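Descriptive structure summary
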Amino acid sequence: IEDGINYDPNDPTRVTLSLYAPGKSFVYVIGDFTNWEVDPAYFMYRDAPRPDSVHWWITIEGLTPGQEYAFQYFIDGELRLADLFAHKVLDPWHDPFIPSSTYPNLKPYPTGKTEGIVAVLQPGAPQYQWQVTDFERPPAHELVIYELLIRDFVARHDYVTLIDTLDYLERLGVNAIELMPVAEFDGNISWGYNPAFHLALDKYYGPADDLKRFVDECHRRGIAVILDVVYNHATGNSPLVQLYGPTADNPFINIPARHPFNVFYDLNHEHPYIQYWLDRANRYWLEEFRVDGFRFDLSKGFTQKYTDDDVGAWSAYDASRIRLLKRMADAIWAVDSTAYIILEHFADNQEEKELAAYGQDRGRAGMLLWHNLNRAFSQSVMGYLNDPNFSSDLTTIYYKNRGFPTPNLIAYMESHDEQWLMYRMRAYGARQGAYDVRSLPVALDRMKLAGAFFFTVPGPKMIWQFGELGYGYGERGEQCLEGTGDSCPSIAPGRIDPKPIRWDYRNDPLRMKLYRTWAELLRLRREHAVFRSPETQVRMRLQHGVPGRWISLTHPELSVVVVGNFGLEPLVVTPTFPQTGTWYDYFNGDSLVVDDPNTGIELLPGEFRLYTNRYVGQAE
Ligand SMILES: [Ca+2]
Ligand SMILES: [Mn+2]
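Residues numbered from 1 in each chain as written, not as in the entry; some residues may be left out. Chains lettered and ligands numbered in written order. Heavy atoms only, no water.

Per the PDB record, this model was obtained through X-ray crystallography at a reported resolution of 1.55 Å.

Following this line, the structure appears as structure tokens:
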């Protein structure tokens, strides 16, 4: 027996419920099976082996197999609380607005019988029949991740509709999908960073068995699924907050928050019960939905070290935080030794290096860290390479140039938290003569160039939905993210508000050429280890201000030179080819003789070329 809802694998008519609640006087279970009344047979037993480990529990008999029952703990005759470990809840304020098409036959809230969110249990639950048994998850350091917000990815915002997009995603050449938070969040309309029930599946995206079908279908196609998960904080609807109230008296929470950038109620990760709950949550998502790992939102917030509103102090090396993250990782890897642990961290290099290295000497992949190159890519594609404020240097895309010994950095040009590159190009892009980065077709070409200087570099990578079709700006600037230091037009939505959904972009041949370029780069990457391996040696000319940029890669199987003109006029770019001989132009289907490692390539602005030292086919 654990806290939460315990089923009997041999008897689908019964459950045992357990609640951690030191300091309480008495507890009842109320619910469908008590007609929401107080019934003595539902007064809970107190198990208190030591005063700091008080659990209330009861075994409930005589339930109907397959039936859903709503319930709450009724604590000290006042507090009605849904189970912290509920996997499904009914929300009286927001469930009325979930369409029947989104969640068929959704059990209605028991209006007037109780108040507040209720938990749902279901003895004899039908078990999804998993089809894929032999799934091999991509090596952590080879991840090419597609960040997806279900709300804005498809108009129907649900798992069953996601399944219809898988051909589109598979063909792009990504090997993992990262879903923005799926765990029960306040309301229906959210990015998902307002979690209420961290082990429940938000019903606005559809039923659990449809998510299972999605994970299984991804697995069938060799694609991993990562869940973005939000454990720094909990909303006031979380039982962590409600059980002892939203004050400093509540030992689970920090009032005030311990660090900058907190939202809702900052959790105390040093609390043993919070550690237990966190471990339970990670274990649940792995076991129940067979996901391949997690992206931990606001992982720098996993600390009791007090840094107030001082970002520099917060970001500095924090031994306690490192202990906590390692302890969490140990538990995850005891469930599944190759699950991905991805941190949205942004700490100082000493800390990030230590978390990256962790476990690599004793059976683990290390943690993966978000590596934000949105600004530098923004400057590069806009054509402001010697900007007075913002670096256009792309050198650190390669992990060793950031002083990391192993490919544990997930680089991205774009994320849900950052401006769209196409917004910045179309709103602000540079121009010279008749060459205008603000023109859509010109801007799309610059995203091909960006991709050639991104997907080709060893180490994991992430892209944000629809960048591959040139999402951003839109018709008149409405595709603009607020809060990124750009003054969006008035027509743009608020930062976390629903964004335009534009699947019609597939009908634009210019936008599909960008998609196909990225897809062809990722098709190459899939079968050529040069683009993926820690063994690859990388040299580059990606410095701030320099329009004629290049990357060389050398590996036992292949050598590659990528050339690009990030300027606004024609230029001869002179890479250092690693060897003389014939080099083959992948996209254009011809070849160049390199009689000196320093050979010039004339390029129009925005153009790139990818050369290999052996013929390996032609882009199709
Ligand atoms: Ca919700
Ligand atoms: Mn925190």
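Regarding the nonpolar core
To be explicit about the condition: Only buried residues count toward a nonpolar core. Its members are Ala, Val, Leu, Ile, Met, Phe, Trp, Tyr and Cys residues joined through side-chain atoms within 4.5 Å. Exposure classes here rest on a 1.4 Å probe applied to the protein chains alone. A residue is buried below 20% of its type maximum, exposed above 50%, and partly exposed in between. Numbered from the N terminus, helices here are DSSP runs of H or I no shorter than four residues, and strands are runs of E no shorter than two. Here a residue-residue contact requires only that any non-hydrogen atoms of the pair lie within 4.5 Å.
Membership of the largest hydrophobic core comes to 186 residues, with the highest contact counts inside it found for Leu17, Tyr146, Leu179, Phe214, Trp277, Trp285 and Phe296. Here the element with the most residues in this core is helix α6 (residues 272-289); it accounts for nine residues. Not counting residues up to four positions away in its chain, the partners in contact with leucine 17 are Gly4, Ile5, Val29, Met44, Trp56, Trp57, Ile58, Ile60, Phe71, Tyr73 and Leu121. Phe135, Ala140, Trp370 and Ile410 belong to the second largest nonpolar core, which has 15 residues in total.

Some remarks on the coordination of the calcium ion (ligand 1)
Quick reminder of the rule: Note on donors: an N, O or S atom is included if it sits within 2.8 Å of the metal, or within 3.2 Å for Na, K and Ca, and water is never included, so sites can look incomplete.
Taken together, the protein donors to the calcium ion (ligand 1) comprise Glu184 (OE), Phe185 (O), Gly187 (O) and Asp202 (OD), at separations of 2.3 Å. Counting residues between consecutive donors of the calcium ion (ligand 1) along the chain gives the motif E-F-x1-G-x14-D. Taking relative accessible area as the criterion, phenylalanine 185 reaches 1% and is therefore assigned buried.

Focus: the packing of helix α8 (residues 319-335) against helix α9 (residues 349-357)
For clarity, the cut-off: Helix axes are fitted only over the stretch in contact, all axes being lines through C-alpha atoms; the angle between N-to-C directions runs from 0 to 180 degrees. Here roughly perpendicular refers to angles of 65 to 115 degrees, roughly parallel to angles under 35, roughly antiparallel to angles over 145, and oblique to all remaining angles. Two helices crossing with the near one rotated counterclockwise from the far one by less than a right angle form a left-handed crossing, whereas a clockwise rotation gives a right-handed crossing. We call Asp, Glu, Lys and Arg charged. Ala, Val, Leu, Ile, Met, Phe, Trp, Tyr, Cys and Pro are nonpolar, and the rest, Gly among them, are polar.
Relative orientation of the contacting elements α8 and α9 amounts to 20 degrees, with a least axis distance of 11 Å. With respect to each other, α8 and α9 are oriented roughly parallel. Of the two possible hands of crossing, α8 and α9 adopt the one that is right-handed. Here α8 contributes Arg321, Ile322, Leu325 and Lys326 to the contact with α9, which in turn contributes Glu351, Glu354 and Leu355. Here the contact of α8 with α9 is composed, by residue class, of three nonpolar, no polar and four charged.

Observations regarding the layout of surface pockets
Quick reminder of the rule: With a 1 Å grid spanning the protein atoms alone, the term cavity applies to any set of points in which a 1.4 Å probe fits but cannot get out, the term pocket to an open set with protein on both sides within 12 Å along at least five of seven lines, and the term lining residue to any residue with an atom within 4 Å of a point. Grid points are joined across faces, edges and corners, and a volume is the space filled by probe spheres set on the points. Boundaries of every domain are those given by an automatic assignment or by a domain database.
Taken as a whole, the largest pocket encloses approximately 1,200 Å³ of empty space. If you go around the largest pocket, you meet 43 residues; those closest to its centre are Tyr7, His87, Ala125, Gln127 and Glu288. Sorting the residues of the lining of the largest pocket by element identifies β1 (4-8), β2 (11-20), β9 (118-121), β13 (195-201), α4 (208-220) and α6 as the ones contributing at least two each. The greatest single-element share of the lining of the largest pocket, amounting to six residues, is contributed by α6. Class assignment of the residues belonging to the lining of the largest pocket gives a composition of 20 nonpolar, nine polar and 14 charged. Two domains each provide a minimum of three residues to the lining of the largest pocket, namely domain 1 (4-121) and domain 2 (143-189 + 216-228 + 272-531).

What to know about the sheet that holds strand β4 (residues 45-47)
The following threshold applies: Following DSSP output, two strands are said to pair if at least two bridges run between them.
Read from one edge of the open sheet, four strands run β1-β2-β5-β4, paired in antiparallel fashion. Where the open sheet ends on each side, the last strands, each with one partner, are β1 and β4. Taken pair by pair, the neighbouring strands of this sheet meet at an average axis angle of 30 degrees, ignoring direction.

Side note on the coordination of the manganese ion (ligand 2)
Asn232 (OD1), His259 (NE2), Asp266 (OD) and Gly301 (O) make up the full set of protein donors to the manganese ion (ligand 2), lying at 2.1 to 2.2 Å. For the manganese ion (ligand 2), all donor residues lie on one chain, and their spacing in sequence is N-x26-H-x6-D-x34-G. Here the residue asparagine 232 occupies a position in the loop between β14 (224-229) and β15 (233-234), and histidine 259 occupies one in the loop between β16 (253-254) and β17 (265-267), the gap between them amounting to 27 residues. For the residue pair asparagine 232 and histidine 259, the accessibility class agrees, reading buried in each case.

Focus: the state of the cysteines
Heads up, the rule is: Note on disulfides: each one is a pair of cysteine sulfur atoms within 2.5 Å.
Under the criterion given, the structure shown has one disulfide. Shown here is the disulfide that connects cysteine 480 with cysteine 488, its sulfur atoms set 2.1 Å apart. Classification of the bridge connecting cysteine 480 and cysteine 488 rests on its S-S torsion, roughly -80 degrees, and on that basis the disulfide is left-handed. What makes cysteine 488 buried here is its relative accessible area of 14%.

Thoughts on α9
For clarity, the threshold we go by: Arc definition: directions from the helix axis to the C-beta atoms.
Among the residues of α9, those classed as buried are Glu351, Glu352, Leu355 and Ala356. For α9, the buried positions fall inside an angular range of 135 degrees around the axis, keeping them on one side. Against the buried residues of α9 lie α8, β19 (340-343), β20 (368-372) and β21 (409-412). Once α9 ends, the next one or two residues include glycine 359, with phi positive near 85 degrees.

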